[PDB]
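# My sequence and its experimental structure, below.
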Amino acid sequence: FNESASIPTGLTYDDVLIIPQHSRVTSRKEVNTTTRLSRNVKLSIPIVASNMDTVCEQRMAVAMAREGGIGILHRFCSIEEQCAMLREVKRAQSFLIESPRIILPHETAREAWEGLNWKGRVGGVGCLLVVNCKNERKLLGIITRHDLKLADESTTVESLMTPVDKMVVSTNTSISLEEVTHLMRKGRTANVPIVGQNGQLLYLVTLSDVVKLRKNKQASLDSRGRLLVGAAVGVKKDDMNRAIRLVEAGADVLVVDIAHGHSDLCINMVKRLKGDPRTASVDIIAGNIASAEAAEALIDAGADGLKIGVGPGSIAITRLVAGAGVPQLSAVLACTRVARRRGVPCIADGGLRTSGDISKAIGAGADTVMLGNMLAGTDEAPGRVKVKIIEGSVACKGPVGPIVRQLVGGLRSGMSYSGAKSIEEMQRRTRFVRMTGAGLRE
Amino acid sequence: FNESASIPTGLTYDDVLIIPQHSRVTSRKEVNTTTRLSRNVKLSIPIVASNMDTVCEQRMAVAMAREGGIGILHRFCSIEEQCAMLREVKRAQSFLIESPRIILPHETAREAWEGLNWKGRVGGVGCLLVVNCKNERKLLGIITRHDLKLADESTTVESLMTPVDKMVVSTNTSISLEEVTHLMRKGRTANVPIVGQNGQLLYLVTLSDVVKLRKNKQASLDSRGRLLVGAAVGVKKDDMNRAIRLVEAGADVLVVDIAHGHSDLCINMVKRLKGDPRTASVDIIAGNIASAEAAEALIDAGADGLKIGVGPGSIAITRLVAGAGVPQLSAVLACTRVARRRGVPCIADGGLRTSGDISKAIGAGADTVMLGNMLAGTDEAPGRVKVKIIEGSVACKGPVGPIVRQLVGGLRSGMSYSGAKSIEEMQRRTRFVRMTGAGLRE
Amino acid sequence: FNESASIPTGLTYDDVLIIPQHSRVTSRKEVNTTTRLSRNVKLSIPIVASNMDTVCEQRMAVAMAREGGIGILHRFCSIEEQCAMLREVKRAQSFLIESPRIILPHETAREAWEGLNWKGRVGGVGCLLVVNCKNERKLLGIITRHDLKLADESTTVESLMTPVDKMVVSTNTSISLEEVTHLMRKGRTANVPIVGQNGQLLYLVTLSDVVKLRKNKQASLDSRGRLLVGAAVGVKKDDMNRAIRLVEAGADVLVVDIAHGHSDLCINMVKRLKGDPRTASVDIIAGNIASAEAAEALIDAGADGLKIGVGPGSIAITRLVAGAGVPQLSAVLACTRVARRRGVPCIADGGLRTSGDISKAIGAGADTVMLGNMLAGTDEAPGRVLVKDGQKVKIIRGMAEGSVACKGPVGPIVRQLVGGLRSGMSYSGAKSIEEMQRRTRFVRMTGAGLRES
Amino acid sequence: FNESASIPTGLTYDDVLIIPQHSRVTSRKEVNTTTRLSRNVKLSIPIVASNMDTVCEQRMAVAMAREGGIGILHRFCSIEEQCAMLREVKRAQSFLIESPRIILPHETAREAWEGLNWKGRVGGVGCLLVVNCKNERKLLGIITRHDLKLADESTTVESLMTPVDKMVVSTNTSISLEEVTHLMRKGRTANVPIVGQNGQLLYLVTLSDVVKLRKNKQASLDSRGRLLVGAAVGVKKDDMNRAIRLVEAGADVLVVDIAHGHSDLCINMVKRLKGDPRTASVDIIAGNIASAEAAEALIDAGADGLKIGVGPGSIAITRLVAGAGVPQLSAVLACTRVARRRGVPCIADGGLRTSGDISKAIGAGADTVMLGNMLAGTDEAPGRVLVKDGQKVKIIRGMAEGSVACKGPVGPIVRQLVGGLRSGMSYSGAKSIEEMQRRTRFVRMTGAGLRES
């Protein structure tokens, strides 16, 4: 039986462990996790939310950008709708509020407390702006939840409100975040409305937003201050149309995502996207591939990022229907040896379950990971809501935020076992060891 | 422990995956799946229905021939009965209908609707031929289901019927399919009865059959236009008698099927079958074998097709009772290296569960696959009927048709991962990679 | 402990069986099941589709009236929604199809299979009328699934169609069912389009609709030949609005439906509706009640039918939350004694689980039964069909959300229940619904005797 | 077999339903539920927190009196423990906070988030008063969670605080709720500290406490504005000690609580307490009973309320160990006939599982119901909360140990039960608790009829 032993043994994440190396690290938080998503796109955490229609739309995209990562919006929708999602991601970081909740001076405390829990936002609005007329919108005062805790249901909103003269107002529609933070701190207030010279209520700035924006400090932003976001396209005819309309809406990178990335359809597409001037303005990521040969071919075809993995995913029907694939650790080992030498970063899409699995991916040479099942069912994932249902039905996992922080925590910890202080070090310094059948079960 | 490491490691389908290779394919349907069942028997799809008494009798045999494959009728029955099955398979493609459902002009609409759902065919008959007398059978008219939807239960069939003069009739018992299709199209009708010069109702041709015959266009046919079909025989004394009576009935190939194909009983039999002139008119397939040595021996013994697999089947009691066998991927790898060089095609009988498993078999060198559990319980498999019971009891799987189409779809897709555009390419171009324990469980 | 000995014992359907009596019935369908829903509404079968939002909307009320009973549209919905529902019902016996599936001469046989199987109706359409322009709409021909069975996907429609000169046509937008039946026979065709003096496509009449209206000969109809359907209101100031518009929508009866009908709220609602001309034109059914006294009270208020049952509803939660009710069989025995002496029909609402339960309800005095649980989850019941684990279910979003198991179509179910009931009448020696009411005799079971069934 | 035919049949809550009667009620909250716990104690809602060690201690008795009923502190504890509990209850309506969370000018914003979220109370505190020394305690300012939202962890408190000259202050340690309400309005602040003539921090009053006392307008109060709470004793020589100290602790009623109250032990206990001035100053509730005779016996002994139920308690094991009891509904029907003819209220203790059960109990004659099982495992019930398998439970160590399933907060539960009961009153045609008692009519169910609910 000769032919039956030429066949190499491929390894997946669960086949190996990170051998512990000497660590000079002397600080729980001194490891740096900055990486590169593609050739000209750095990320502060190396986590990418997957372009699966059960994972990443606007909410997911915004959340991960803010945690310092990024999501790639799926393509299983219209072109218009995909850019609809995209255009919303770019507005997400605005601390200005058009159309804030208004109220008239002669309504009662019962109505004030009605409008404070309007079905518009979760938790309600934090205040109401007291205006003279719902079409004029001249600022007369402000009313918070506090101002109503001691008044009768049928009491004049005009009496409880803080009057506009006693308010901190601003007439500068292009006001900084630094300056509005100053006005909030200087006036011991949490609401700075923005008024025209006339007196009109143009915008509202509230301290919730100012706090949430000073918080997410590792956030991955573009040049114009908006949140980074990627979009996924196919290889068909109408897919070049989709790719133009997506860079219009504001895509920062485009990901071409076919099942078999080592194809002519993909190579041709990458060459196309990097060729036309309407789309070469953003980095072009290609996948999925699993061989070293595939890697050279796609970098050659002009690609700025590779996505690694032909069939290892939570929904890799590929191996049951086609019987194709590569165990994902080998696929990363083989594909990063090529793409590293050509300065091309790689996403390790597929097959990740633990944070420890993420250290394994990075140490095998990956620059980022694409997360699948691990994010489906989180608040910001799509699907009605304890369980979430989009067809599909996954249990609720909570907010994406603290799930990715513990995830980065694990990698940070995994890096320390490799004695690495940076993502590049993690890639170069990690040495693996295989386990057997009985080896995983402990 | 020296002797305990000379022993080679054998691989089964679930041990390996198809590594993805560059695919120049630029069309979802451009891969060709034609193959060869034996030396002088081509098939359009490489799927063979197994000679198990729970899988392939006349219904199964006809279905798979029509999908462009073939079944091999089992031998666990009489000789007469086996050719009974066979003689029926060869009549299956006739678009002529002897003894069509007749009715007399003076019966009522209630009786007309009775005879339309006679317990003879599923869904009923599509029409009734109105004749003057049940022994004479002179054509007076035709009555469809439509003609009765507006008539009272006790109404004259003679009034509702379309009269024979207003019908499209033909007097040509040897009429083409092309010509009868023309008469149906030219007369906007779906029934063309065939009458003697006298006036008698000899045959009926109906559009259901004409449609179903223009549909199954990849159908595997013999020279005389009948559907291909194979038969299985043993190696005993009465088995040579069975083999003569089977080529009489119309067998296109004979399969000798012993548990241990690498025997003298089999070699002797193959030599016998290829020797006698009553049986050398059809190709002779031999099995089952699992070693390269076995392959040479049986081609030498005059065989035109090899069946690969000593004990990997869904009911391979072989390994528990005798402890013999070979992991089926190695068995195919080793046995096709020999039989390819001698232009002899191989069936990869045993152990297939997914379509992906089928790509694996083809890529390991097989020319066709023999399907077992995957077809038991389909409509056209034997056994009363939700579950089917023949003793045995399997759940109902539906119609064989759409199960084999998705199956060929998977192989077609599996081929694309190998970068193959034809069965030969799939065999030559596929390169495998092994998975470990943890490697299959993702 | 005497205070506890003067509490009477109420009985429910599982406490009794019908004592068999001498049956002079031979022909198992010389048994009449017609009855009255209210004073001025007769039904062919005594089944009613309960006004629950998991049971009766457009499609259930249609099915139920075609089978010979009636459905009561629920009110857990806006007024506009309840009247829209009622309006769909009131036009489902029309055999004139407005705007039927068109197609133009130069499209392909591929473009035609696409048009025929598109789910315009549940299943699809059976022909496409061939016009020259989707606006002018002059009729040139007709194409049916059969014209396509022998052409490549690339063949034009003009190629395979039957031209208009060889179809049967009419210009009488007011054509009688007879008349069109006639043209379909005489011309041996299944489609008669109705065209304008010009030649434009105005309407299409298909054989299938003609064959429906010729079948369901038991269908519950109003004077204009439309399906009977009721609608439900409550007892708030706005339910008067709701009623008014439901009548203008064409409701045939209103059912005032509160969980405690023996109340001034309920009475005053019934008196309102009777005293307004915009609603007094239709029968007023009031409930729910469960004493003789309540019956007498709502009949005095004006009610044209009573709905019986405080408590026994399947997904009724009255018993647990409030601890109030009356076992249903006792309830029906008490109220209908009152209601028969004044000519007011009763609906026995709640707790029915088998046709034998329906037998017991009618035997105990009732004219009609309301079925919620037994009908929910059918084809024609509301809620979307979704597959899980090789089994089908229905999901009904927004309620008074949950998943009931798919029961198939309601027509066969309703026809067994009527058969079951006809069978039970034969045990009572009853050739009519009224006979069932007067003749039935009950015997009580202990818990043991229930296990024996 | 005659000896077995003269045994009467007692009924329990599942044997009956309330027969609906004519309801003249329109406004679903023109239904009064106030009632009497004993001769000289009225409650707004007829619910009582049973004196079981898995149900009523400090936090349950507070919640129950704020909701408008009362809790009975259990005695499975030392005397000191029972009086400590009662004392915590008697001071939970005080809006003066003694020793509130301090902090000194030179600490960090990190040192302040630490102080605000520390679980002084369940949730934390809302401000930290800024004093210069943890001993002298002169007030300099106030810091709230909002003052911190825009400063690095390393910023001083003096930096972000509001200085005392810009706060609203008072020096009246006797300030009225009105007065402080007034300063909170007029100064648009949520905190009014009370300081000394010097400037030391004496007390702090927060808006939240002011908003509580302005809400719970139904709270059960004593003459000094404190929550009503009862406490339980037994019938041993030392229970006299226990009672004496429980009264000096401020108990509002005592509940003598043995499993067989129709006994000289029980009677003699009731007579004792009435004849000692150190305890006769509060109402004496005696139980448990279950016959008319026992009622008459304890009323004669002096009892100001009776507790009904020998047996039906959830974790009562009387029936199995002793084989004694009376079905609860029969028990209540028997005793309250006696008790109404003498002006003594009754508590129906034991066996309640739904609001409809509460409806049946009041309808059968009772003035108040005791709930053990239904309240155990709530937020305010005793026992520690621990998580297992994605579900929360409570563990109550040392008993009369086990794990009950977390039910949430008791206020919503108590408010449904009252709603449920109000609903049941509407079936009885009852606009008051007494009306419920006089008007309710029962009907019996067989086992079958119970399944139908």
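Everything's here; your move. Residues are numbered from 1 along each chain as shown, chains lettered A, B, ... in the order given.
# Quick check: which element contains residue A:414?
Counting by DSSP states H and E, the secondary-structure element that holds residue A:414 is helix A:400-418.
# Pull the residues that contact that helix.
A:18, A:20-21, A:23, A:25, A:29, A:31, A:33, A:45-47, A:49, A:60, A:63-64, A:67, A:69, A:354-356, A:358-360, A:362-363, A:371, A:374-375, A:378-381, A:397, A:421, A:425-426, A:429-431 (CB atoms under 8 Å, 6 or more residues apart in numbering or on different chains). From N, CA and C alone the C-beta is placed, and that goes for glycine too.
# export it as PDB, just CAs?
Output in PDB follows, covering the C-alpha atoms of helix A:400-418 (Å, rounded to 0.1, in the frame of the first residue of the first chain):
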ATOM      1  CA  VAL A 400     -20.300  41.400  21.700                       C
ATOM      2  CA  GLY A 401     -18.200  43.800  23.700                       C
ATOM      3  CA  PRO A 402     -17.300  41.700  26.800                       C
ATOM      4  CA  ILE A 403     -17.100  38.600  24.600                       C
ATOM      5  CA  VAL A 404     -14.300  40.100  22.400                       C
ATOM      6  CA  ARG A 405     -12.500  41.600  25.500                       C
ATOM      7  CA  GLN A 406     -12.200  38.200  27.100                       C
ATOM      8  CA  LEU A 407     -11.200  36.800  23.700                       C
ATOM      9  CA  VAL A 408      -8.400  39.300  23.300                       C
ATOM     10  CA  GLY A 409      -7.500  38.600  26.900                       C
ATOM     11  CA  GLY A 410      -7.000  35.000  26.100                       C
ATOM     12  CA  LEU A 411      -4.700  35.800  23.100                       C
ATOM     13  CA  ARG A 412      -2.800  38.300  25.300                       C
ATOM     14  CA  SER A 413      -2.400  35.400  27.700                       C
ATOM     15  CA  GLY A 414      -1.600  33.000  25.000                       C
ATOM     16  CA  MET A 415       1.100  35.300  23.700                       C
ATOM     17  CA  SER A 416       2.700  35.400  27.200                       C
ATOM     18  CA  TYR A 417       3.100  31.600  27.000                       C
ATOM     19  CA  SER A 418       5.000  32.100  23.700                       C
END
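# how about that helix: buried residues?
By neighbour count, and taking 16 or more other CB atoms under 10 Å in any protein chain shown as the criterion, the buried residues in helix A:400-418 are A:400-401, A:403-404, A:407-408, A:410-412, A:414-418.
# what does stretch A:112-123 give?
Within stretch A:112-123, the residues scored as buried using 16+ other CB under 10 Å are A:112, A:113, A:115, A:116.
# Chain D: which of the buried residues of helix A:400-418 is nearest?
residue A:403 (16.2 Å; CB to the nearest CB).
# what's the spacing between the closest one and chain C?
With the distance defined as CB to the nearest CB, to the nearest Å, residue A:403 ends up 28 Å from chain C.
# swap in residue A:352?
When distance is defined by CB to the nearest CB, residue A:352 is 28 Å away from chain C.
# That residue contacts residue A:372, correct?
Yes: counting by CB atoms under 8 Å, residue A:352 sits close enough to residue A:372 to count as a contact (7.2 Å).
# of these two, who's got more company?
In this view residue A:352 and residue A:372 are compared by other CB atoms under 10 Å in any protein chain shown, and residue A:352 has more residues nearby, 27 against 23.
# Spell out which residues of chain A are next to chain D.
A:146-147, A:149-150, A:162, A:181, A:184-185, A:188, A:190, A:207, A:210-211, A:214 (CB under 8 Å from any CB of the partner chain).
# can we see that at 10 Å?
Near chain D, the residues belonging to chain A are A:144, A:146-147, A:149-151, A:160, A:162, A:166, A:181-182, A:184-185, A:188-190, A:207-208, A:210-211, A:214, A:395 when assessed by CB under 10 Å from any CB of the partner chain.
# Could I have the ChimeraX command that selects the buried members from the residues you listed?
Of the residues of chain A next to chain D, the buried ones can be selected in ChimeraX as follows, counting by 16+ other CB under 10 Å:
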select /A:144,147,149,150,151,160,162,181,184,185,189,190,207,210
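# one step back: find residues that contact each of residue A:352 and residue A:372.
Residues touching both residue A:352 and residue A:372 comprise A:50, A:312, A:313, A:314, with contact defined as CB atoms under 10 Å, 6 or more residues apart in numbering or on different chains.
# just the residues you listed that are near chain B?
Among the shared contacts of residue A:352 and residue A:372, chain B is touched by A:312, A:313, A:314 when using CB under 10 Å from any CB.
# ok, these vs chain D, which is closest?
residue A:314 (21.7 Å).
# which ones are touching that closest one?
So residue A:314 contacts A:50, A:52, A:54, A:350, A:351, A:352, A:353, A:372, A:373, A:374, A:376, B:442 (CB under 10 Å, 6+ apart).
# What strand or helix carries it?
Here residue A:314 is covered by no helix or strand, with elements defined by DSSP H and E.
# Can you tell me which of the contacts of helix A:400-418 are buried?
Neighbour counting by 16+ other CB under 10 Å classes A:18, A:25, A:31, A:33, A:45-47, A:49, A:60, A:63-64, A:67, A:69, A:355-356, A:358-360, A:362-363, A:371, A:374-375, A:378-381, A:397, A:421, A:425-426, A:429-430 among those as buried.
# helices or strands next to the helix or strand where residue A:288 lies in the packing?
Counting by DSSP H and E, the element that carries residue A:288 is strand A:283-289. Packing partners of strand A:283-289 (3 or more CB pairs under 10 Å, 6 or more residues apart in numbering or on different chains; DSSP states H and E): strand A:35-38, strand A:230-233, strand A:253-257, helix A:264-275, helix A:292-300, strand A:305-308, helix A:328-341, strand A:346-349.
# right, quick check: the fifth one against chain B, any contact?
What that stands for is helix A:292-300. Yes: applying CB under 10 Å from any CB, one finds helix A:292-300 touching chain B at A:293, A:294, A:297.
# sorry, back to before: which members of the buried residues of stretch A:112-123 define the maximum pairwise distance?
A:113 and A:115 (7.6 Å; CB to CB).
# Can you get me a residue count around residue A:201?
Burial of residue A:201 is recorded as 23 neighbouring residues (other CB under 10 Å).
# what about it, which SS state?
Residue A:201 carries the three-state label strand when classified by DSSP: H, G, I helix; E, B strand; the rest coil.
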